[PDB]
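Here we start with a single chain on its own, the form deposited in one PDB entry, put down as structure tokens.
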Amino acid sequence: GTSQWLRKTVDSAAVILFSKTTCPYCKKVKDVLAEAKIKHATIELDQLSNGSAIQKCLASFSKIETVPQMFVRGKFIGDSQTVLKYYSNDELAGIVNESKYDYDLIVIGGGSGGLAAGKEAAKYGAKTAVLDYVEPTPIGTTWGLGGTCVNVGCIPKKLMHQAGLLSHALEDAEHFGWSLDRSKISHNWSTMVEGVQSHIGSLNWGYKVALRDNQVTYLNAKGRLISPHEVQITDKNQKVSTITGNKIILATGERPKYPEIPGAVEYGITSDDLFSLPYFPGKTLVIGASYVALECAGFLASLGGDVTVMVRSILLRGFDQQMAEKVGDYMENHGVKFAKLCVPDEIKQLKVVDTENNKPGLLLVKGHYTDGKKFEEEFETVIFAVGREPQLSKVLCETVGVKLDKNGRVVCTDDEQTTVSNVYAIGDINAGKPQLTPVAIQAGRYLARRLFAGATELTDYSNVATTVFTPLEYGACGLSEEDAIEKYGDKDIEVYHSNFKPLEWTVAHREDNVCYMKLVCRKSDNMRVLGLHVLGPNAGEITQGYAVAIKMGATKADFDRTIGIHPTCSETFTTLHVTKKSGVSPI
């Protein structure tokens, strides 16, 4: 079926050139396009394990069987002579710019995926437009280009995580001989925010420049897909116009949920507001129990905040629950209070946010524990981190025919195509995909390659590694222990585990047997590593590399015959020997 790949490639590509590596006439075309700064994909049949079939099938479109053959938007343009002619006649610019639509690609959403897809697309000649609009939060918070991660996600989250960790670094420096009294050091929230925001500001700027430098049109406008090839844009001045595109990528991401209770929208905040908050939250109630709730509670606590987490049911639903308990136990043991089995009922305002002195308001939270007791406590800030939801009624008219799941996420095929053929969805809105920035980036860039460069490589959403940046980080790749057990049976699952202690925690006099790691393996598949789990410092760095081995089908034996790097936390994976079925202690 090489025929069909060529049909799809030639159709969607904006400017593509078929060629061979060592080719006299092809290089004559390349040199011309370069001089005229005409960006284009290039397929080297020379370097393809089926290029002979392609070069012939190519005559289905060109009537010709020789390279170089140049195409513009499903349309053959000519051999060497015909191109050199267009150029010499100064008509080559107009030939490559012909198009039914204003753009080869319109990306609705200027975040991790949208920017990645849009930047990669222009690399291969796609006349591309990126649309981004940040609907303000209920209290007015807004921000610039870059998406959730850049502005109110991974980036500020980790920076404030890092500011938190330095709390422990300041405590440790004493044991390591530095002459500072941890007791006499405070943290200024505003100084931290100003630095975080300065860096986000440079990222906002950097993306705008990246789009300008790649001839990508950046529109700060709310995009609405009204027909498969028509996008309606409302700009800052409420001016409505319409633009057309061949391919459409939906990448509008999500936004925080608010529980439907009185005072929540009016008096509480979310992650969207926290990372630029002009005042220190103060005594803070985080409502929620997944990774945003615990990350935010973690660094607020480490930055000297009185922090409470309200847990309806469990921590980190969908994560390995043994790890989640270990995560929570560390936070409980380092300040964060947990109001277990507890749901809010209303948020009464007691003080308005003092905009003068940048100080938080004051709130009364009325709730109830599940055992009947009434929760009634005062907090200066209440943060909802109870989930995130797509906002696609604002992006689609169901007129168009983009099928959404029950959760409002776009239903796609394994190539991110929607039920409308020219329309794709990447990132958080793509149903059932892990909602992570590098996933959105990869999906976007790989999708861009298939459309405008004839690539075939799909994105592999399996065994995507992750790290919860709680005070004690938790990295994972693969199945939770309970999922593997459920998927294959207790009897087919062996679990190697060990506690460990960072060497840095020895002189610092931090805890024995708190850090912990485990490999979840399948006995009947050569002890294949199904899931990897590490609770410890720098769990992100630890886990990443193993995600390569796991994608390759790593077994327990592949870990054992690797030699550790000493001294590191990560090396504990190369010497795991205690199993769970044996009952021996992982200490």
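Each residue number is its position in the shown sequence, starting from 1. Here the rigid core means the biggest group of C-alpha atoms that line up within 1.5 Å when the two forms are laid on top of each other. Residues that one form lacks are left out of the comparison.
**OP:** Taking the mean of the C-alpha B-factors per stretch from the entry, tell me the winner out of 92-100 and 381-389.
**Re:** Higher mean C-alpha B-factor in the PDB entry: 92-100.
Subject >> Mean Cα B-factor comparison, 69-77 or 295-303, giving the higher one as deposited >> reply: Looking at the recorded C-alpha B-factors, 69-77 comes out higher on average.
Original post:
If you compare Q544, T562, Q55, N538, which has the highest Cα B-factor in the entry?
Top reply: When the deposited C-alpha B-factors of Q544, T562, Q55, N538 are compared, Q55 is largest.
Original post:
Reading the B-factor column of the entry, which of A557, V548, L33, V520 has the highest value at its C-alpha atom?
Top reply: Answer for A557, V548, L33, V520: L33, with the highest C-alpha B-factor.
Original post:
Hey, what third does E481 fall into on Cα B-factor, ranked over its chain?
Top reply: According to the entry, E481 has a C-alpha B-factor in the chain's lowest third.
Original post:
If you rank the chain by CA B-factor, which third does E356 end up in: lowest, middle or highest?
Top reply: Highest third.
**OP:** Name the third of the chain's ranked CA B-factors that contains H533, choosing lowest, middle or highest.
**Re:** Lowest third - that is where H533 ends up once the chain's C-alpha B-factors are sorted.
**OP:** Going by the recorded CA B-factors, say which third of the chain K20 sits in, lowest, middle or highest.
**Re:** For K20, the deposited C-alpha B-factor lands in the highest third.
Subject >> Assigned third (lowest, middle, highest) for the C-alpha B factor of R409 >> reply: It belongs to the middle third of the chain when residues are ordered by C-alpha B-factor.
One more form of this protein should be noted, the form deposited in another entry, which is absent from this view; the next part is about it.
Subject >> Single mover in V265, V411, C397, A169, with Cα shift of 2 Å or more between the shown form and the other one when the core is superposed >> reply: Among the listed residues, the one whose C-alpha moves by 2 Å or more is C397.
Subject >> Rigid core superposed: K184 CA moves 2 Å or more between the shown form and the other one >> reply: After core superposition, the displacement of the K184 C-alpha between the shown form and the other one reaches the 2 Å mark, so yes.
**OP:** Have a look at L396 and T128: in that other deposited form, are their Cα atoms closer together or farther apart than in this form, given the change is 3 Å or more?
**Re:** It is farther: the C-alpha separation of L396 and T128 rises by at least 3 Å in that other deposited form.
Original post:
After a core superposition, which runs of 3 or more consecutive residues shift by at least 2 Å in C-alpha position between the shown form and the other one?
Top reply: Runs 181-184, 394-397 stand out as displaced between the shown form and the other one - each at least 3 residues long.
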